[PDB]
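Working notes, beginning with the structure itself.
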Amino acid sequence: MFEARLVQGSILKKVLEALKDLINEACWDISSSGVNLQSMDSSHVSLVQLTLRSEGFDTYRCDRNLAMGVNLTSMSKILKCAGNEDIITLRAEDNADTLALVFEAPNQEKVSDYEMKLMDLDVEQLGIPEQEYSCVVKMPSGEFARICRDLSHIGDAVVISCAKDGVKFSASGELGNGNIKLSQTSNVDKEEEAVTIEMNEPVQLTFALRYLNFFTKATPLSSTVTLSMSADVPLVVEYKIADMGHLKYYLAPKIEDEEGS
Amino acid sequence: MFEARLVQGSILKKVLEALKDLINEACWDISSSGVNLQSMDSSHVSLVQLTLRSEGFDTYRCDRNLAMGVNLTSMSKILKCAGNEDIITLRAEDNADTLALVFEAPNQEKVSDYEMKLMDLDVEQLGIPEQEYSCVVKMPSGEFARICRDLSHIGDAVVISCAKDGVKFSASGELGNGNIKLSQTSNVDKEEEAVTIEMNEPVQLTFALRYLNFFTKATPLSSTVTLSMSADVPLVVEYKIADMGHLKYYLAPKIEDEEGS
Amino acid sequence: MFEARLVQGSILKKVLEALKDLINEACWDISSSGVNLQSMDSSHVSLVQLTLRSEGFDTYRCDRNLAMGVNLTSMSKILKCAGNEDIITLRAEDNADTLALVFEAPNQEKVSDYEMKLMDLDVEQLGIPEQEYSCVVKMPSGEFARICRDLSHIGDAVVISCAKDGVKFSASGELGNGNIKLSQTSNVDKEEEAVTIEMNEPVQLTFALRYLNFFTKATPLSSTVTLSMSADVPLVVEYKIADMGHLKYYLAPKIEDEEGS
Amino acid sequence: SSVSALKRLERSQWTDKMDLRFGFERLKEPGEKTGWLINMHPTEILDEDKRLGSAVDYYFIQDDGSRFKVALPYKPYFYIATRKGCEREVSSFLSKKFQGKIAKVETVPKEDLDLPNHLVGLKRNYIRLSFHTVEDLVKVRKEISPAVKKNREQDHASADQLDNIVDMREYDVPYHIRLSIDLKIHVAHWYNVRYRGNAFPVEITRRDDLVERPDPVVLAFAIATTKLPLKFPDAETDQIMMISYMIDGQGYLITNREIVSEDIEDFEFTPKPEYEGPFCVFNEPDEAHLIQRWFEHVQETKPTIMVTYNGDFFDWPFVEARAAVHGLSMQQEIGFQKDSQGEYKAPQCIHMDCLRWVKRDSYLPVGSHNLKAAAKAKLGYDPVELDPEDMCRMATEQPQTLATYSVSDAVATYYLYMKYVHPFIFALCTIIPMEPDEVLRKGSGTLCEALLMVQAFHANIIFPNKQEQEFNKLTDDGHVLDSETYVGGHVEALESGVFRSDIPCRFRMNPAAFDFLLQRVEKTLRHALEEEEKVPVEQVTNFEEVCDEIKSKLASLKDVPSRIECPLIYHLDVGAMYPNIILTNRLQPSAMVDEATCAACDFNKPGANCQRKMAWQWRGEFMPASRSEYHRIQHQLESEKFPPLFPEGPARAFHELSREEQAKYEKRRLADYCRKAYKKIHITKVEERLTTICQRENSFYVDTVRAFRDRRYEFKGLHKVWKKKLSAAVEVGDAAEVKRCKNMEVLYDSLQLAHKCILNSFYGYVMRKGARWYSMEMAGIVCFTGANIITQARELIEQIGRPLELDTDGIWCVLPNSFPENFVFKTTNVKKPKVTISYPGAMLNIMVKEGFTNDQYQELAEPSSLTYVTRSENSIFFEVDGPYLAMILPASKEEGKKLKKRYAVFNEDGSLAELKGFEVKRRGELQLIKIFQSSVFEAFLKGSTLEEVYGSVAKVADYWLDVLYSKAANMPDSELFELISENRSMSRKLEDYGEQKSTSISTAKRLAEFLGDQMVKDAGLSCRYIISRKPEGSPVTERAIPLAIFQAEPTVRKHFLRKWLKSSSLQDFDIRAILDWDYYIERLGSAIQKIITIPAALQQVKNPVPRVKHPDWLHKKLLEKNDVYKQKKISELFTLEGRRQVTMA
DNA sequence: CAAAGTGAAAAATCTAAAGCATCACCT
DNA sequence: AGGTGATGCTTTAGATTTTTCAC
Ligand code: SF4
């Protein structure tokens, strides 16, 4: 009876499509409060999170909590069936050895039911470090993805830096080096294109880039991103999903040798 | 002294490209009824049928009952040279060495001719059994082709049923099972989108999913698709290309071998 | 030092995307008038002559006419960050050690800086002969690239047959042969799709297709390209944009193999 | 000049006093003495005319051991041919320019082989320049080589007689060989020698009847060397322990006691009834006392044979370094000097090494070439071993271990040499006139070359010039060729998996083929009798009985063709199939004739009983460049200059460059031009060409190998006869008769093993450049004939069994149980009372003679009348080795293609008969995969049902994969180190390759960061490394962590691994935690899939083990064949209309 | 100045040739 | 909300090159 009704079709299939190259197996605690994602990555260097609570759903029936597991590539290939306009529902049972998925067309004649033989998992869960975040970059994630993929062609790693003058996205490569600068929006009337960085302290820290590119594969679900960060903490590249839920990606800092020779 | 010109060059483009991945050497024949294609796969499974009306051509000058067996890969490569909205004519002779195709555009300037060399082979020809088939559906073309494309990876074997409820296609593999269910349409005026069924006896059969996948590339040939089948009977899916002619297709089903009891 | 900056970010972006694969190394010999890009091609047959004048810029300041040069691959990699109307800005010094590439947004928010290690070359200055051309055609770009791609998969040696009416291309392929017909256009309103021909003498030259496919990568430069040639001389392809300059494409004619006689 | 003359003279005198120090007296008194040669060597001895006279020396002994020698001088020479009418003046000018070098100039015509009007009776006339010394020969050949090179250059392009000379020859083959064939001297045989004054040359005659021969003095010294851990073992660092050595059955030992703790006494090593070696202990207080005591012991020995394996890389530089530390002069003491190519030739002694025969010419497994493995192969019992890492402390704790080890190793070395290698040296001294060291070192292809010289001078034909490789090969369209070869080894395995003969399998036969056998059963048996043993049917008594038995058994197979019955693993082997086919068709290298030159012969009658329509296919791997663009690029090259190869020289121009760098320029420029121009630089096509062959030439290769095969058969027959005589004399027990009969049987065994080696050497001569008779069709046409034979077998057994492997000269196969395999025919003939006949070989022989009876066999019966008697011969004899118990066939990873030439077999007792082609016999690379191969080959033989056999193989695989999946925590790390020690050699320096990326170059870079550039200063480094996993987003070639980092102390070692790892967070650095399983897991997975998983999946076994996955192409077909929803043919559901064929428009 | 290699494995890495998911007009 | 093609983002099969074995 682990029921969930929801109007949209593109968002769930694309957020599960967002994990196609970073997670092959995860955990889905189907609870009365909702469903949640939390795991190591494949290389165990990052944290992923997707939150999806009950009041987003149209109807959402779930008496107990069950943490199921499925190959992401498998159901991702399965979830390329119905259109983006399709209205989706998923349920499970007490002996939910297989998932029970229905795609129903908007004109209500083309209805498809799907099942997947599942498998269990045992991956340790850790608490997310919750604290005050010094810098946040509330800038449209399409441009962020474009620029990070563009510098990925020349650079291999990135240097994040949000100081009092602005944000510096430095990236040294074997062929050449480059840096990205952005300041506050002042003449933009719309706030969806605006960037608003609350300012607490200047920072110079190093992170990975290809994992950041993998995180920026998931832009078209949101107009903008919050890049929440502090000193010597993993980055919080948060995408707003919808009123349905949200998601968090945590990329670990690169520990460069600060000591001299 | 054979001439055959048709205004809708695009429909010829798509019909000649959508016969690729099952046959390399077609059996094209020219007669008083028009030009007709009947070709069977190299892996001794399935048959395709194409017919064209004599009046389907704007001019159709059939001087003799000539059949030509020519290759198909280079035929489609020289075919795709044509633009989308360009008029096509086909020329052949009572005695020659090379098929002649001339491509002409509506701006009467982008005009091209081609010379395709003729080859010789010996091929088998199979009879067409016509009998009362159990069920005939009138399915939209894009929806059925979308079903063929999406159900392609749930497995490699699809079972298909017909009932008073409608038509159902169920396929499964090592990963899971998926079935699509279609009801009947009465509340829509556009019969191309609408689906209508007939029935004589219960149908519970199965067919090669992979060959239907490689065949289903003929989606926009007809705006709808009609099918016809029975038990241990040829699958007759057919794509009526207006008054030009129609495409048809024949498939080898699966039969359940008896076991000991 | 050297400084220049222009608002149209698309122009040099597509220029570099055109010149990126055909030539690996070229010399950037800036002068008071501007820079001239001629490159001793690795093919050693298809010569290129690019001219660049200074009136098109918004700023143009330099101290010494350096005869410097860099690889086009790295230039393409660093201007792949550029978009369409982003303001392109470049800085340099009197010595050749590290360039500065600055991209400035049209909405005055996005900025960037990029740095590249330079290199020192030794290329003898090739001559650029100027003459009268017996046949010139102002060819619209799109369908010329279309017919290049048309005969690309079909043949490996295109003949040119420029006549009083127009120009004819034919070939001898393994699958067959064909021809495309060209003529003057008189009644067309849009001159970018109009084609006009200068003639003094019909010129027959056989040419490699996909080399011209490398040259036709400059299609977004303009809707219409200038194609000129004469007898017993390498052909010249002329691309023209704004009042920027001109690109000359000097491709030697491969003669018929005379060993058979 | 004169300084060089006196240098050569004093070198000669030094070598002479050195030689007479060790016996081998200067025989200068008149008289005739019996003689038995052992070795040869060139030298210089002053003549009667004051000239520095080059010579050679022959070393003879007798039954008593009379060690003497005789000097043989002869004028060095070579032949030159010019154009017609340019020989007299050439002789005159060569006489008047080479005075002081040429003794005399003589015109010696020699018979050409590659010439139009082939052997019509025309003999080309050469000029022969008799020189004085080989050094004058070297300087004259260096003076003439670019002259004749430019002469043939204008000959290709199109006065002085220096231009008229257009050939130099026998320049690669040195003076030893042509003097050896000039005087017909065949080595190591009983010869009569007579000296009759210095005015006359010493005369040597072959004595033929005395096949009895003595044993020369042997030395088998057994080395041992303490090596410090993490160091190359060398004489400068450490010190010797002892030495033990064997002489003709009686051995000794000399032991240095300064590091040896205890004195020692006499040992005996008799593991076999016919094996016995007694010793004696000499103990030396000093290492100097060691080396001297050994050296005066070999002084009194008068030594001729001194053999230990791999001497020329680990013993003789070792011992001379030992003498150099103590200042002892080796050249005066013995004379052991470094060769020009890295050996130590002995001018008074003979030093062999079995690694030049056990690894190459023993046709044993390559990776089992070690002496323990050689003993376990031939003696059958492996001696005691030691680990060189820890044998220094092993020596210091107890010396008796090394004493017993060394004496056992030495006596086993003597037994291996005596039972096999003295047969080899006698074998190759039979007719090949070579000294044994270059017999072992130089290849069997060069041995065939030597036979070609031998029978060529018996033919008195000229030696063809050894050709040079020419680049820019142009086809009919003048099209640039990249690399040329044949259609290749037609090697295919149809099925794969386990095949044990006792474990039953499935057969599905055809009774029609059985009836097809039935009408010709009697013809098969008759052809078997009169053509194998040349025995007529009328002598056979019970022909009808075995005929009826064959009918009964073949009908008992025929009645039910589809059965489950025990397999009969029979190998359709045809050894020496190549020269058999050359015998059938009389295939000569210059009878290789095109039709335009076949018409140049005089035998082109319409009754074409001399032209064989032989067909073959030519593989073409070629550059897409045309003639025209080649002309443009060559004109662009010659238009301007080039960077100078000369350091700071003039500008480099095309017209005076040499050939190879111009070829490099051409291949680079055309390569990248077509890489950007034509999408491919290597295009593969297999054309067809037709070219006949002539038949009426001297046929020296053909009739030579025919004589050799007849000698093979009669030597084997006398081998059985005299081994039966030897056994009967063993039950008799008379000492003289048994000892001469062992002499005779080792003689015959020597000859047959010799000619087995040479038949294994015939085919390989032609695909190697710089030979006499390089071919492009000979091996091609013979492998096409063999391809036709093995294909016809593949359809034939495809009717009557299952063909396992189609391997060139042998077809592994399987038969049903009741198949006729071998029958004994009792006869009334006294000489052969019973004749044993193998049926399947007989029926294949009648098949191949029905298809392949060459009726063009024409022999020169009367050379005076040029009579060519045409006849028909059969020789295509096959054989089947003893029924094999087991047969394993591995497959490959990819779709539809399996392994080639890789398999293994087992005898009825399960002995390691044959195993080849695997990494387990490949040196270097990874060793843990080699040891799983060894374990699974041991575990193959158990079981009686194939399911349980696969289960046992699965159990041993589960063991050795749970070894590594448990991370080996409860087991030590040293054997783990040697298992994961991946070593890749530096063929060049680190800075030579530079921008090239590989795991070896990355390892060298890590060494450069670790210990500076001194560790990577040169090439040849044994760079040991492993693979790391913690680094992420990095190529597999990168992070090639070396094992050399482990010498660093833990702070510096850790700091370097942080530097290479780019991660300073880690604090514990165990070697198990720095591994990268992914390369190890993929290596073991590829190995397991090749060895067990894929063939068992092909053999309808559901899995080998659930711990391995499969490529999914086979997964689809297995899961569809495990369900009843099969595929359906059109015809049963769909009616037909008829077959229609399209015509031309 | 010297030197008996070349097909076959096998992988690393470098490619191009497609397969297929979004957009430049238009009621 | 679909119809013509661009335009790019994966994917997969060759291509190429270097040691390193067997024959
Ligand atoms: S095959 Fe006959 S005709 Fe031809 S070259 Fe040989 S002997 Fe002469």
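By order in the structure tokens, chains are A, B, ...; within a chain, residues start at 1; ligands start at 1, following the order shown.
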Requested in this report: Would you kindly return, as a ChimeraX atom specification, each protein, DNA or RNA residue with an atom no farther than 12 Å from any atom of stretch 7-9 of chain E, considering only C-alpha atoms (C1' of nucleotides) and excluding same-chain residues fewer than 5 positions away?
Outcome: /D:483-489,767,892-893,899-902,917-919,1086 /F:18-23
Query raised in the report: Within 6 Å of ligand 1, counting only C-alpha atoms (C1' of nucleotides) and all ligand atoms: which residues, as number ranges by chain?
Result: D: 598, 601-604, 610-611, 693-696
Residues from last step as file, N, CA, C and O atoms, as a CSV table (one decimal), in the first residue's frame:
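Final file, result05.csv:
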chain,number,residue,atom,x,y,z
D,598,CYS,N,58.1,-19.1,-67.9
D,598,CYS,CA,57.9,-20.5,-68.1
D,598,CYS,C,58.0,-20.8,-69.6
D,598,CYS,O,58.5,-21.9,-70.1
D,601,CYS,N,61.5,-21.4,-70.8
D,601,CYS,CA,62.0,-22.8,-70.8
D,601,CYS,C,61.6,-23.5,-72.1
D,601,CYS,O,60.9,-23.0,-72.9
D,602,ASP,N,62.2,-24.7,-72.3
D,602,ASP,CA,62.1,-25.4,-73.5
D,602,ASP,C,61.1,-26.6,-73.4
D,602,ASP,O,61.2,-27.5,-74.2
D,603,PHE,N,60.3,-26.7,-72.3
D,603,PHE,CA,59.5,-27.8,-72.0
D,603,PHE,C,58.0,-27.5,-72.1
D,603,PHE,O,57.2,-28.2,-71.5
D,604,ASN,N,57.6,-26.4,-72.7
D,604,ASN,CA,56.2,-25.9,-72.7
D,604,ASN,C,55.4,-26.6,-73.9
D,604,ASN,O,54.9,-26.0,-74.8
D,610,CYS,N,54.3,-31.0,-67.1
D,610,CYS,CA,55.4,-30.4,-66.3
D,610,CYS,C,55.0,-29.1,-65.6
D,610,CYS,O,55.7,-28.7,-64.7
D,611,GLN,N,53.8,-28.5,-66.0
D,611,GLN,CA,53.3,-27.3,-65.4
D,611,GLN,C,52.3,-27.7,-64.3
D,611,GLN,O,51.3,-28.4,-64.7
D,693,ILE,N,55.2,-23.9,-61.3
D,693,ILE,CA,56.5,-24.1,-60.8
D,693,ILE,C,57.2,-25.1,-61.8
D,693,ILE,O,56.5,-26.0,-62.3
D,694,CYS,N,58.4,-24.9,-62.1
D,694,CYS,CA,59.1,-25.9,-62.9
D,694,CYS,C,59.6,-27.1,-62.1
D,694,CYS,O,59.4,-27.1,-60.9
D,695,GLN,N,60.1,-28.1,-62.7
D,695,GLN,CA,60.4,-29.4,-62.2
D,695,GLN,C,61.7,-30.0,-62.5
D,695,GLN,O,62.1,-31.0,-61.9
D,696,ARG,N,62.4,-29.6,-63.6
D,696,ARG,CA,63.5,-30.3,-64.2
D,696,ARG,C,64.8,-29.8,-63.8
D,696,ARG,O,65.8,-30.2,-64.3
Requested in this report: Output the contact residues of chain A with respect to chain C at a cut-off of 12 Å, based on only C-alpha atoms, as a ChimeraX atom specification.
Outcome: /A:139-140,143-155,166-189,193-196
Report task. Identify all chain A residues at most 12 Å from chain D by counting only C-alpha atoms; ligands do not count. Present them as a ChimeraX atom specification. Result -> /A:42-45,156-157,208-211,253-259,261
Could you write out that same residue set with N, CA and C atoms as a PDB file, in the first residue's frame?
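Contents of the output file out.pdb:
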ATOM      1  N   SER A  42      30.043   6.185  -5.689  1.00  0.00           N
ATOM      2  CA  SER A  42      30.727   4.969  -6.118  1.00  0.00           C
ATOM      3  C   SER A  42      32.182   4.966  -5.670  1.00  0.00           C
ATOM      4  N   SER A  43      32.853   6.111  -5.772  1.00  0.00           N
ATOM      5  CA  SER A  43      34.213   6.245  -5.274  1.00  0.00           C
ATOM      6  C   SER A  43      34.265   6.605  -3.795  1.00  0.00           C
ATOM      7  N   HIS A  44      33.103   6.778  -3.150  1.00  0.00           N
ATOM      8  CA  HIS A  44      32.985   7.075  -1.717  1.00  0.00           C
ATOM      9  C   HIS A  44      33.702   8.368  -1.339  1.00  0.00           C
ATOM     10  N   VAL A  45      33.603   9.384  -2.195  1.00  0.00           N
ATOM     11  CA  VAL A  45      34.230  10.678  -1.959  1.00  0.00           C
ATOM     12  C   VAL A  45      33.200  11.789  -1.800  1.00  0.00           C
ATOM     13  N   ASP A 156      41.297  20.703 -14.975  1.00  0.00           N
ATOM     14  CA  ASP A 156      40.943  19.436 -14.352  1.00  0.00           C
ATOM     15  C   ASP A 156      40.350  19.583 -12.960  1.00  0.00           C
ATOM     16  N   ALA A 157      40.787  20.585 -12.205  1.00  0.00           N
ATOM     17  CA  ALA A 157      40.274  20.851 -10.873  1.00  0.00           C
ATOM     18  C   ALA A 157      39.948  22.330 -10.758  1.00  0.00           C
ATOM     19  N   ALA A 208      36.992  19.248  -6.178  1.00  0.00           N
ATOM     20  CA  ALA A 208      37.038  18.544  -7.449  1.00  0.00           C
ATOM     21  C   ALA A 208      36.153  19.240  -8.481  1.00  0.00           C
ATOM     22  N   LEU A 209      36.285  18.809  -9.735  1.00  0.00           N
ATOM     23  CA  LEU A 209      35.562  19.412 -10.847  1.00  0.00           C
ATOM     24  C   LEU A 209      34.683  18.422 -11.597  1.00  0.00           C
ATOM     25  N   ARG A 210      35.160  17.197 -11.824  1.00  0.00           N
ATOM     26  CA  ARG A 210      34.376  16.241 -12.600  1.00  0.00           C
ATOM     27  C   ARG A 210      33.146  15.783 -11.827  1.00  0.00           C
ATOM     28  N   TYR A 211      33.280  15.617 -10.508  1.00  0.00           N
ATOM     29  CA  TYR A 211      32.112  15.374  -9.667  1.00  0.00           C
ATOM     30  C   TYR A 211      31.179  16.578  -9.668  1.00  0.00           C
ATOM     31  N   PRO A 253      36.141  18.613   0.026  1.00  0.00           N
ATOM     32  CA  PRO A 253      37.256  19.504  -0.313  1.00  0.00           C
ATOM     33  C   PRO A 253      38.516  18.734  -0.672  1.00  0.00           C
ATOM     34  N   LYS A 254      39.290  19.310  -1.587  1.00  0.00           N
ATOM     35  CA  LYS A 254      40.580  18.742  -1.951  1.00  0.00           C
ATOM     36  C   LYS A 254      41.631  19.246  -0.971  1.00  0.00           C
ATOM     37  N   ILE A 255      42.258  18.324  -0.245  1.00  0.00           N
ATOM     38  CA  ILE A 255      43.209  18.678   0.809  1.00  0.00           C
ATOM     39  C   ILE A 255      44.565  18.860   0.135  1.00  0.00           C
ATOM     40  N   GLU A 256      44.828  20.082  -0.318  1.00  0.00           N
ATOM     41  CA  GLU A 256      46.146  20.419  -0.831  1.00  0.00           C
ATOM     42  C   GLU A 256      47.104  20.669   0.328  1.00  0.00           C
ATOM     43  N   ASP A 257      48.394  20.491   0.057  1.00  0.00           N
ATOM     44  CA  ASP A 257      49.415  20.615   1.092  1.00  0.00           C
ATOM     45  C   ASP A 257      49.708  22.090   1.330  1.00  0.00           C
ATOM     46  N   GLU A 258      49.258  22.606   2.475  1.00  0.00           N
ATOM     47  CA  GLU A 258      49.466  24.009   2.806  1.00  0.00           C
ATOM     48  C   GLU A 258      50.870  24.292   3.324  1.00  0.00           C
ATOM     49  N   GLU A 259      51.613  23.262   3.715  1.00  0.00           N
ATOM     50  CA  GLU A 259      52.953  23.453   4.246  1.00  0.00           C
ATOM     51  C   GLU A 259      53.949  23.728   3.126  1.00  0.00           C
ATOM     52  N   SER A 261      57.941  23.843   1.386  1.00  0.00           N
ATOM     53  CA  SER A 261      58.944  22.831   1.074  1.00  0.00           C
ATOM     54  C   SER A 261      60.177  22.987   1.958  1.00  0.00           C
TER      55      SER A 261
END
Query - stretch 12-21 of chain B environment, 6 Å, only C-alpha atoms (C1' of nucleotides), sequence neighbours closer than 3 positions dropped, as an MDAnalysis selection string - result: chainID B and resid 9 76 217:218
Specify as a tab-separated table (two decimals) with N, CA, C and O atoms, in the first residue's frame all residues of chain D found within 9 Å of chain E, counting only C-alpha atoms (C1' of nucleotides).
chain	number	residue	atom	x	y	z
D	442	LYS	N	73.53	-20.17	-33.38
D	442	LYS	CA	72.80	-19.78	-34.58
D	442	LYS	C	71.62	-20.71	-34.79
D	442	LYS	O	71.60	-21.86	-34.33
D	443	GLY	N	70.60	-20.20	-35.48
D	443	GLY	CA	69.33	-20.87	-35.52
D	443	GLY	C	69.31	-22.08	-36.44
D	443	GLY	O	70.22	-22.32	-37.23
D	485	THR	N	53.02	-10.26	-46.11
D	485	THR	CA	53.03	-11.58	-45.49
D	485	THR	C	52.15	-12.50	-46.34
D	485	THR	O	51.82	-12.19	-47.49
D	488	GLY	N	48.75	-16.71	-43.86
D	488	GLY	CA	49.01	-16.99	-42.47
D	488	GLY	C	48.62	-18.40	-42.06
D	488	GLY	O	48.09	-19.20	-42.84
D	768	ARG	N	62.46	-15.22	-43.92
D	768	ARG	CA	63.48	-14.46	-43.20
D	768	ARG	C	64.40	-13.82	-44.22
D	768	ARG	O	64.90	-14.50	-45.12
D	769	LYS	N	64.62	-12.51	-44.08
D	769	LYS	CA	65.43	-11.78	-45.03
D	769	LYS	C	66.90	-12.13	-44.87
D	769	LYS	O	67.32	-12.71	-43.86
D	770	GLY	N	67.69	-11.77	-45.88
D	770	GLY	CA	69.11	-12.04	-45.85
D	770	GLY	C	69.45	-13.51	-45.90
D	770	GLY	O	70.35	-13.97	-45.19
D	997	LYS	N	53.49	7.56	-23.27
D	997	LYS	CA	52.89	7.22	-21.99
D	997	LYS	C	52.71	5.71	-21.89
D	997	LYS	O	52.07	5.10	-22.75
D	998	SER	N	53.27	5.13	-20.83
D	998	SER	CA	53.08	3.72	-20.52
D	998	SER	C	53.34	3.54	-19.04
D	998	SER	O	53.78	4.46	-18.35
D	1035	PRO	N	44.57	8.09	-15.36
D	1035	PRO	CA	44.83	6.97	-16.26
D	1035	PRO	C	45.56	5.82	-15.57
D	1035	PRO	O	46.30	6.02	-14.61
D	1036	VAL	N	45.31	4.61	-16.07
D	1036	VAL	CA	45.85	3.40	-15.45
D	1036	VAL	C	47.36	3.35	-15.61
D	1036	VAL	O	48.07	2.81	-14.75
D	1037	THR	N	47.89	3.93	-16.69
D	1037	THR	CA	49.33	4.02	-16.85
D	1037	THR	C	49.95	4.93	-15.80
D	1037	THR	O	51.05	4.67	-15.31
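For residue C:123, the set of protein, DNA and RNA residues having any atom at most 9 Å away, when counting only C-alpha atoms (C1' of nucleotides) and skipping those fewer than 3 positions along the same chain, is residues 26, 27, 39, 40 and 126 of chain C.
Between residue C:62 and the candidates C:4, C:48, C:241, C:128, the tightest atom-to-atom separation, counting only C-alpha atoms, involves C:4.
If you look at atom CA of residue D:707 and atom CA of residue D:855, they are 20.2 Å away from each other.
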List every residue of chain D that has an atom at most 9 Å from any atom of chain F, giving for each one its closest atom pair and the distance in Å to one decimal, counting only C-alpha atoms (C1' of nucleotides), sorted by chain and then by ascending residue number, as a Markdown table.
| residue | atom | partner | partner_atom | distance |
| --- | --- | --- | --- | --- |
| D:680 | CA | F:15 | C1' | 8.2 |
| D:764 | CA | F:23 | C1' | 7.8 |
| D:916 | CA | F:22 | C1' | 9.0 |
| D:917 | CA | F:22 | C1' | 7.1 |
| D:919 | CA | F:21 | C1' | 8.2 |
| D:922 | CA | F:21 | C1' | 6.2 |
| D:923 | CA | F:21 | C1' | 8.0 |
| D:924 | CA | F:20 | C1' | 8.7 |
| D:925 | CA | F:20 | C1' | 8.4 |
| D:984 | CA | F:19 | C1' | 8.1 |
| D:985 | CA | F:19 | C1' | 8.3 |
| D:987 | CA | F:19 | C1' | 8.8 |
| D:998 | CA | F:18 | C1' | 8.4 |
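A straight line drawn from atom CA of residue D:812 to atom CA of residue D:619 is 27.1 Å long.
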Requested in this report: Would you return as JSON, numbers by chain the members of stretch 17-209 of chain A that DSSP assigns to alpha helix (DSSP H) on this structure's backbone?
Outcome: {"A": [17, 72, 73, 74, 75, 76, 77, 78, 141, 142, 143, 144, 145, 146, 147, 148, 149, 150, 151, 152]}
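In this model, the gap between atom CA of residue D:269 and atom CA of residue D:377 comes to 18.6 Å.
The list of chain B residues within 12 Å of chain F is residues 10, 83, 84, 85, 142 and 220 of chain B; this uses only C-alpha atoms (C1' of nucleotides).
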Store the residues picked out above, limited to N, CA, C and O atoms, as a tab-separated table (two decimals), in the first residue's frame.
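Written file, selection_16.tsv:
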chain	number	residue	atom	x	y	z
B	10	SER	N	9.03	12.70	-49.96
B	10	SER	CA	9.36	12.43	-48.56
B	10	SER	C	8.85	11.06	-48.12
B	10	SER	O	9.53	10.36	-47.36
B	83	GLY	N	16.40	16.01	-50.79
B	83	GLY	CA	15.81	16.82	-49.74
B	83	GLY	C	14.42	16.31	-49.38
B	83	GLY	O	13.92	15.33	-49.93
B	84	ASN	N	13.80	17.00	-48.43
B	84	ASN	CA	12.55	16.52	-47.87
B	84	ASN	C	11.38	16.72	-48.83
B	84	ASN	O	10.56	15.82	-49.01
B	85	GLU	N	11.29	17.88	-49.47
B	85	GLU	CA	10.10	18.27	-50.21
B	85	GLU	C	10.34	18.24	-51.71
B	85	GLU	O	9.77	19.04	-52.46
B	142	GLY	N	2.21	6.75	-33.99
B	142	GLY	CA	3.26	7.20	-33.09
B	142	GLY	C	3.20	6.53	-31.74
B	142	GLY	O	4.23	6.21	-31.15
B	220	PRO	N	6.20	7.59	-39.40
B	220	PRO	CA	5.34	8.62	-40.00
B	220	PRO	C	4.83	8.26	-41.38
B	220	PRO	O	4.34	9.15	-42.09
